[PDB]
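Undergrad: For reference, the structure I am asking about is given below.
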Amino acid sequence: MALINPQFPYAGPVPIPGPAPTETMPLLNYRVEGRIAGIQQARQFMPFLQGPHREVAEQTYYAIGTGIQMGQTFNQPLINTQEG
Amino acid sequence: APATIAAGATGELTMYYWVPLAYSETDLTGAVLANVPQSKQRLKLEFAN
């Protein structure tokens with residue numbers, strides 16, 4: 001967006017020496033076929049386990065029984081003959 | 001217990017231990033039911049050599 005100087009104008013570009021025209025043109029680089037080499041193993045001996053863990057520990061229980069329940073020799077009360 | 005047993009003297013100790021099963025006389029936590037014909041219940045006591 002330059003302003004044209006009317007007192008000192010200039011013309012378009014003139015030819016100048018050039019950079020040997022084939023040396024600015026590249027070759028198209030020619031890929032050969034390739035292979036991810038080797039026979040891959042199916043599994044890996046991992047350093048960490050792959051499953052979930054638990055944040056807190058919960059107390060577990062198992063039921064037990066008591067035993068054969070016996071009789072008893074109670075201390076027996078007195079007879080309510082109007083004193084009680 | 002005597003505080004000092006001299007050279008050629010005899011001392012007599014006495015000591016009482018309460019081995020708790022229930023927590024208190026009101027809170028019956030840790031008490032066991034033993035009203036059974038037989039049980040696998042024992043009290044092992046190691047003493048001073």
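Order determines the names: the first chain of the structure tokens is A, the second B, and so forth; residues in each chain are numbered 1 upward, and ligands are numbered 1 upward as they are shown.
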Select, as a list in words, those residues of chain B with any atom no more than 7 Å from chain A (distances computed using only C-alpha atoms).

TA: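 Therefore, the residues near the partner are residues 35, 36 and 37 of chain B.
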
Undergrad: Keeping only N, CA, C and O atoms, write those residues as a tab-separated table (two decimals), in the first residue's frame.

TA:
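Below is the file result_28.tsv, written as the result:
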```
chain	number	residue	atom	x	y	z
B	35	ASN	N	-20.36	-71.86	79.99
B	35	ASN	CA	-21.32	-72.78	80.60
B	35	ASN	C	-21.57	-73.95	79.65
B	35	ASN	O	-22.63	-74.11	79.05
B	36	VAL	N	-20.54	-74.79	79.53
B	36	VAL	CA	-20.48	-75.85	78.52
B	36	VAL	C	-19.94	-77.11	79.18
B	36	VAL	O	-19.26	-77.04	80.21
B	37	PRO	N	-20.24	-78.29	78.61
B	37	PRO	CA	-19.67	-79.52	79.17
B	37	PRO	C	-18.17	-79.63	79.02
B	37	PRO	O	-17.51	-80.21	79.88
```

Undergrad: Quote the spacing between CA of residue 2 (chain B) and CA of residue 14 (chain B) in Å to one decimal place.

TA: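 Atom-to-atom, CA of residue 2 (chain B) to CA of residue 14 (chain B), that is 9.8 Å.
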
Undergrad: Excluding residue 12 (chain B) and residues on its chain fewer than 2 positions from it, collect all residues at most 12 Å away from it, counting only C-alpha atoms, and give them as a short mmCIF file (atom, residue, chain, number, x, y, z; two decimals) with N, CA and C atoms, in the first residue's frame.

TA:
```cif
data_model
loop_
_atom_site.label_atom_id
_atom_site.label_comp_id
_atom_site.auth_asym_id
_atom_site.auth_seq_id
_atom_site.Cartn_x
_atom_site.Cartn_y
_atom_site.Cartn_z
N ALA B 1 6.90 -56.66 98.91
CA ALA B 1 8.21 -57.19 98.56
C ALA B 1 9.24 -56.48 99.42
N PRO B 2 10.29 -57.16 99.88
CA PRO B 2 11.36 -56.45 100.59
C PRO B 2 12.16 -55.59 99.63
N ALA B 3 12.69 -54.48 100.16
CA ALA B 3 13.47 -53.57 99.34
C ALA B 3 14.93 -53.98 99.22
N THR B 4 15.43 -54.77 100.16
CA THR B 4 16.83 -55.17 100.18
C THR B 4 16.94 -56.53 100.83
N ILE B 5 17.50 -57.49 100.11
CA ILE B 5 17.77 -58.82 100.64
C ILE B 5 19.27 -58.90 100.91
N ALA B 9 20.01 -63.78 103.67
CA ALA B 9 18.69 -63.49 104.19
C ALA B 9 17.64 -63.94 103.18
N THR B 10 16.41 -64.06 103.66
CA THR B 10 15.30 -64.57 102.86
C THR B 10 14.23 -63.49 102.77
N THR B 14 4.86 -60.92 97.41
CA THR B 14 3.45 -61.18 97.14
C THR B 14 3.01 -60.23 96.05
N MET B 15 2.29 -60.74 95.06
CA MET B 15 1.88 -59.92 93.94
C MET B 15 0.54 -60.44 93.42
#
```

Undergrad: Can you pull out every residue from chain A that DSSP, working from the backbone, puts in helix (DSSP H, G or I), and format the result as a list in words?

TA: residues 21, 22, 23 and 24 of chain A
